[PDB]
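What follows is a single structure, written as structure tokens, with notes after it.
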Amino acid sequence: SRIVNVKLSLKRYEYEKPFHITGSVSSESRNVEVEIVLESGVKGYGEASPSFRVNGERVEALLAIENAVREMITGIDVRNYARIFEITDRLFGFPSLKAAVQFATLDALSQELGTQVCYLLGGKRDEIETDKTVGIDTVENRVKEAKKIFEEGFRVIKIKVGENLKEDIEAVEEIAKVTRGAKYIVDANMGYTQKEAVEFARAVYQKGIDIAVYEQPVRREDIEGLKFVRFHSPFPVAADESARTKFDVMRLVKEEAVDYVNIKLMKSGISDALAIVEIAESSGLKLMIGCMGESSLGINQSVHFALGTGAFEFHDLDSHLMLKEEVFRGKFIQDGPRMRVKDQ
Amino acid sequence: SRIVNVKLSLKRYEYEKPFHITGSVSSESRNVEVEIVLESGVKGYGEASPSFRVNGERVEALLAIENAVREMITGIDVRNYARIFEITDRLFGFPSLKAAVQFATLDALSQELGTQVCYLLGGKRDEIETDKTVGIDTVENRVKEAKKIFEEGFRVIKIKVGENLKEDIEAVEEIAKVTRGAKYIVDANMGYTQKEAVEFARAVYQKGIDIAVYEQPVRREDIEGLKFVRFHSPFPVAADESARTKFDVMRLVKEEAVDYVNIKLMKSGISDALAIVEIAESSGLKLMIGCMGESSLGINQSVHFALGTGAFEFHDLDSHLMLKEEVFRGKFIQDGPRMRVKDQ
Amino acid sequence: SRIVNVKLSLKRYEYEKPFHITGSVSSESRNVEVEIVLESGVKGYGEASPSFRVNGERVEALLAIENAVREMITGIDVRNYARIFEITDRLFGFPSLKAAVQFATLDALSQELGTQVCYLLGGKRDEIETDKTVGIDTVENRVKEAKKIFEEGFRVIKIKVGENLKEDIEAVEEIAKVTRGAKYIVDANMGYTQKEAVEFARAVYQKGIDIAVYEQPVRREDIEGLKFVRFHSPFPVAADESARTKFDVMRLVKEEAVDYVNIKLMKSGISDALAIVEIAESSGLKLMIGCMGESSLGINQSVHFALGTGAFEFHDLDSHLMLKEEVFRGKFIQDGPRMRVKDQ
Amino acid sequence: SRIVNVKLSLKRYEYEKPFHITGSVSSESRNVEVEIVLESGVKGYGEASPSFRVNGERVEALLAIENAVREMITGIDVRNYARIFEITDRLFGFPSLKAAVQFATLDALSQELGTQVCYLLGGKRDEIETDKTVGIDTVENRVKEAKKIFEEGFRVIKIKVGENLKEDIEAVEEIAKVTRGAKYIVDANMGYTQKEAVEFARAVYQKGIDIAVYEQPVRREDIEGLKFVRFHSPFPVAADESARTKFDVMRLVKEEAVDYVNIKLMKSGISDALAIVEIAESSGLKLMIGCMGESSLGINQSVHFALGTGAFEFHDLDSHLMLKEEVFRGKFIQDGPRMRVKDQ
Amino acid sequence: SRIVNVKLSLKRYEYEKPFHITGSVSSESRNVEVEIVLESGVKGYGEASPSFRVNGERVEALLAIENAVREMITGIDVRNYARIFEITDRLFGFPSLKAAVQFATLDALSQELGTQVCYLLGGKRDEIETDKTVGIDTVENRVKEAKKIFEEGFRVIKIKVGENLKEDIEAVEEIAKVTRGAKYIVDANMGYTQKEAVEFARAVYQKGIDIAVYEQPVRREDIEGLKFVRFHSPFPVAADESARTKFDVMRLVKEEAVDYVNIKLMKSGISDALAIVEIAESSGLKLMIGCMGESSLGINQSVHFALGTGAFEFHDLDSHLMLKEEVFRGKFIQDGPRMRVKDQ
Ligand SMILES: [Mn+2]
Ligand SMILES: [Mn+2]
Ligand SMILES: [Mn+2]
Ligand SMILES: [Mn+2]
Ligand SMILES: [Mn+2]
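Protein chains in written order, with the authors' numbering: chain A, 2 to 345; chain B, 2 to 345; chain B', 2 to 345; chain A', 2 to 345; chain B'', 2 to 345. A prime marks a further copy of an entry chain.
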């Protein structure tokens, strides 16, 4: 049935503690929740968690375009969801809102069909497992946090690096010693030069440490640099900030620049994310899925995407786990590091 | 709900006249119909129209593997269709059967969800239009046939060439004269050398004739030859036989070999065809969709695929129109050269 | 001296008639004017003319981030303009505002230094000349409009094409006949396939018509397509939508994709535009400068940029001339199609 | 205001001790000071420190063209500095004089505007820090000099190598032991083969020594050799002699040959140096700035360039620190290894 | 025997009329004559005809370095000429002087050996033939000048173009009409864009005119542009300004940029010129030899080089023929457009 209203609302979520990554420290997520209302009375929901650093977005700006978004899709039947996806692909300057609107569309459609979004998308998996992230801090505090995560039962530990190469090498080496059995993802958030990035990898390799995925060591535009790291260090290299659109991923594949792509709905929307999954499966690329600052309602989007496509070797879906005092609003089951589909 | 049976049956369909293409002439279509039965009682249908020349398939061979196909997917819920797609991707030696089983799966699922396959696939378009094909014959007979097609309301005329460069040039020029306003697709079915293919295009261009799509002038393995034709003649060049899998298309894109890909479900199945649509839309590829010897139930698969994805500039879905007075078994409206979505 | 305030204000300007280009028609320009106030009392001005189609921007979104922009640069001395440029490079999601803030900074600094922005930028030229644009309409109306422009003294005529290849060829041929001596720029605003773009160029060449610059015939992401047109047609090919950032231009240069780049301050800001001038002058790129929907105060930014750097073979700075009777608010002399530096 | 005179004068500066690099030993700098006099009475100053080895120049030859230089720019207003830059770009056979004249122009212009050259150039930084260089000598003497430099408070030590691979490896390893905490730049001044250069780097890497920048290990024309070193050894590789012009740098970027460029005003002039900064910032290249045999008045040129653009990770501006008995004639503050902008 | 003195002297030669080429017009040749005196009493002679536009040289600068040149080679036996060549290769900033000194060396050695320079170089040919050049002027005057040249017995006519595409096309077409049977070399001296250069060639080709060699249509640094012209127009393309050194030529060969190189001793010296001959003969390069403003003593250098190596399809050795009534000072026979070896 046809969309009759679209509502955007500011929702704020406080962190338990400041989240520090290369070039950014944040203590709060300010997101935009999207509600799509159909003539049937069905309501679908999405969440835009904007990124100034990655997408150039500001939450004030997303909220400002409510009327435009409404006018762009009101009157369209959610069964013609490809029309909605094409229209919302015009929101390339507001990719988090693109994502939220596209997901809300599928959330509404799946209800009208008596199913769930993961099933519309293929129903490949019934369960996925997330890592949890260690932010930047003193070496001692990074080690402490990594151990905590390991004690919580997380089997993959994501470690932020990028601001201090020497301390980064030390932190990862100390973490490895006290979390024997864990797999490690290292995310440099564009902090290193090509040569610094190679040296980080070599240093930890020399201690017999294996890094499962080494994310975006160099700047967004430095595709040749990503390739250099890939070809001169022993760990799989992922594009994150360099992989926002489906066109970005075609370029990465053509240049043989990466082993992995980290898909985020907040970069790509559902439309480009689906294209990227297909490109990757046609090209020997492996995939992980990540997040920005989504609450449980926002993480829901990626949970259904990951369950449905089953495309991901790794899942970095932990933003909702970093919140101070939250009421759970996902349409999935959180069970420790695992997420599962609802019977209903 | 879960698959409880899978049935394969031989179905034969007679042509109105022998269909002559480069290196092949046939008077009959021998297809394998697939029925999937669910525990709910819902039945989904697909059709495999095999190709010995393109896929290396034989109809007897498809029939012989009924028990294997049944064992592979019985017990799986169609809501987990990605699992069925991944399993049936193992049928790469029987791609027409891969397509039929994958479509039958979606036919059944759409019924359980109270919708149509085109809608599962995005519901992008409500209407498409097909060309109709002029087979190889004497120049006089080719012209007669083209005039017949034009008087049946077709606005796009597909002209088979490839066995006689001089007569092919003459036939196309004479056809152009008696079908003013039509658009032309020329399909050489691998018959020309790269230089012959260039000279065919040049000869027709010099007469002021525009060819909308120039399909597969050279052999399947001759990607560099396809590229040569692309870069040295004025009309858009399509891969057909060179584009069977999603991997083939990634290679064509990397090599900049073609302007178009002709997707056929009988080459790719649903899984690879969806991948190819995504790759093309991420790479400035244009698309057409074609067929083998599908009857109306078989063409239904492509009609829903094309309506739902809306991915195609041109449609060459005319096999059922070349067959001799069948009872109509599609789930779409055939409106002269137009196909329209049902109500349902 | 130091910035003490930054003010953003909505300013609307009516067109003389609807401006139709490939995929877009507008009757009004809604811009954001930027005022920077220094502790000295000096005020500098810029204008953001946003583009949804090219930059993904919306005017409401620009307005919404006034406080953020103010916080980002308040307290900084305009003599340290490189610091302001680096900070405002973070506004990559709001490139038109990036441009306006960067220019306002130089407008204020030049006043404190007792000079003009063109002189800060090198003072290369005292005079430039702009084309004027023929929008899409019926062939008869396009010809009427071109004749009007020719009788207004313009020596370079920019002709929009892209929606109808046959009518575009006819319009350009008819325009050429009634504007003998004019030079022509043809802007396809991404409307053609690579092969259609080649055939447009060939058709006009065969009539003995020379096109000075053939702008962006293909889509933004289709760099290989741009190169194809460049290598297979006789006129200089320009990137417009494909050249937004300095990084885009390095890629175009590496791929040998174009003969020209059309710099627009609304895509690049001052910072990337200066980089692009330097890259082009180091690579055998030629340059033109264009606009969006700037009023006279907005066009001033480009006039000073073009006068100072002297980098452009062609100038397409006509947006203010398409606007309905404004009070002139430039800091340059408008002398028919010519712009000249002030005394001051 | 307009240039009314240009004067060239020979100035000789004796070194405290002979400076030995690969293929060259010198005990004195013979420079050409440039004075530009304006009609306002303002006087701007530059210095050409010619290089026979790098630029093919001889000081006698620079002095010989005084009248030509005068005639080329007399009567031009320094506010049109781009015109002066374009004219003096014709002095590509006398690049040190090109640099001196271009800087003298900005020195005069900045006085007329009531500011400083660093501010005309962006005012990005208020302070920079230089390394100091260890020349070639016996291993013992090289170690002694490196220790002295470290004791002087220099945090980056530049070590000349290139004439004796075995002794070079020994010297760098011994230096590292006695200067723990220092960063190292190694400059081979074209002395090594590709394979020798890789082996030098590997040998020192094996002792746990990090080289911040490894400059020009191979000959000027051996771009492929520079790339080979870059791709097969662990340290960032810089072009110096291979990077004289902006066109050279475009080639280096296209070939992915280097991690760094060492800009010297004496190679590039201000015009090409500014282009190189822009190219580098558009291409993932990092930068250092170096010198020839400039006195304090000559080093002033690079100090303002480096302060203003803030483009450099490393500064090798130490030629004026190697002089016997000199009267300071810079327009900056020297404060140990640091240089700072004047309040005035 | 050993060099005991080296003398440089200014020699001026007046043209018959101003010689206009793209971006340069001159009425006089100011050359530096080199005399090398041996202990045996034998004297060898060379001539440097410098080029500011191509080499960046000034005659005053060449004169200024007499003492340096003398110190560099005095005391060396001319039988060890490779030592003198390697030393004078250091004069890369004064390439015309490099050439003059290297030739004077061979002039002296050949005398001591009782032979001629052409014989030292292989004695391949006894006779060569030169073109003569039509400078830029009005179309009427260019045609007049070409007719004059044709009536002086020249069979190859070199036509300068580059400043006015339309008039250049007209001039060449009119010249072709009045010089039936002549071969044509067209030298654009870097005046055209790649596309303008293509269109010049196409326009003349369409008139049935063949251009034997089309020299340097684009700028020195624009190697990719040279290649573009080569691949997109029907006449052989030559590098002139882009081929100064042996390293330049290796790059041109690797890039497949040209059909021809124009060797000039004033760009390359004897050493690089011999290298270029060997490279060309190993790569399917064809060669022509040109000049700057050499008098008869200067042209002698090129005549012996061309006679001895026999490497050139075309000779453009006409500078002495454009000079106003000189006493003949060559060591060859000038026989109309032909040059022949002496007896001795
Ligand atoms: Mn990441
Ligand atoms: Mn076909
Ligand atoms: Mn445009
Ligand atoms: Mn160096
Ligand atoms: Mn020439």
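Idealized CB from N, CA, C, for every residue including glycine.
Residue i and residue j closer than 8 Å at C-beta
i, j, result
"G124(B')", "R80(A')", "yes"
"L63(A')", "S97(A')", "yes"
"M251(A')", "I280(A')", "yes"
"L227(A')", "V262(A')", "no"
"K12(A')", "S283(A')", "no"
"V102(B)", "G57(B)", "no"
"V342(A)", "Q117(A)", "yes"
"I37(B')", "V7(B')", "yes"
"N165(A')", "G24(A')", "no"
"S272(B')", "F86(B')", "yes"
"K159(A')", "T134(A')", "yes"
"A100(B'')", "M267(B'')", "yes"
"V187(B')", "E168(B')", "no"
"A244(B'')", "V278(B'')", "no"
"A172(A')", "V205(A')", "no"
Neighbour-count burial assignment, residue i, 16 or more Cβ in a 10 Å radius
i, result
"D223(B)", "buried"
"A65(B)", "exposed"
"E153(B'')", "exposed"
"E34(A')", "buried"
Residue i beta carbon near ligand 7 (any heavy atom closer than 7 Å)
i, result
"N56(B'')", "In the structure shown, ligand 7 is absent; the only ligands present are ligand 1, ligand 2, ligand 3, ligand 4 and ligand 5."
Cβ distance (whole Å) where residue i is taken to contact residue j below 8 Å
i, j, result
"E216(B)", "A239(B)", "4 Å"
"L107(A)", "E67(A)", "Contact doesn't hold; Cβ gap of about 20 Å is too wide."
"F315(B')", "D132(B')", "7 Å"
"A109(B'')", "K44(B'')", "7 Å"
Neighbouring residues, chain B', relative to residue i (Cβ below 8 Å)
i, result
"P237(B)", "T194, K196"
"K287(B)", "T194"
"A69(A)", "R59, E61"
Beta-carbon neighbours of residue i, restricted to chain B'' and to distances below 9 Å
i, result
"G94(A')", "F53, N56, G57, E58, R59, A62, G94, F95"
9 Å Cβ cut-off: residues of chain B' touching residue i
i, result
"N263(A')", "Within 9 Å Cβ-Cβ: nothing; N263(A') doesn't reach chain B', min ~17 Å."
"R220(B'')", "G285"
Partner residues on chain A for residue i, Cβ-Cβ distance less than 7 Å
i, result
"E257(A')", "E225"
Beta-carbon neighbours of residue i, restricted to chain B and to distances below 7 Å
i, result
"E200(B')", "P235"
Per-residue contacts from residue i into chain A' (C-beta, under 9 Å)
i, result
"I66(B'')", "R59, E61, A62, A65"
Chain-ordered neighbours of residue i on chain B'', where CB pairs are closer than 7 Å
i, result
"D241(B')", "Per Cβ cutoff of 7 Å: no residues; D241(B') is ~18 Å from chain B'' at best."
Chain-ordered residues, beta carbon under 5 Å from a heavy atom of ligand 2: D188(B), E216(B), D241(B)
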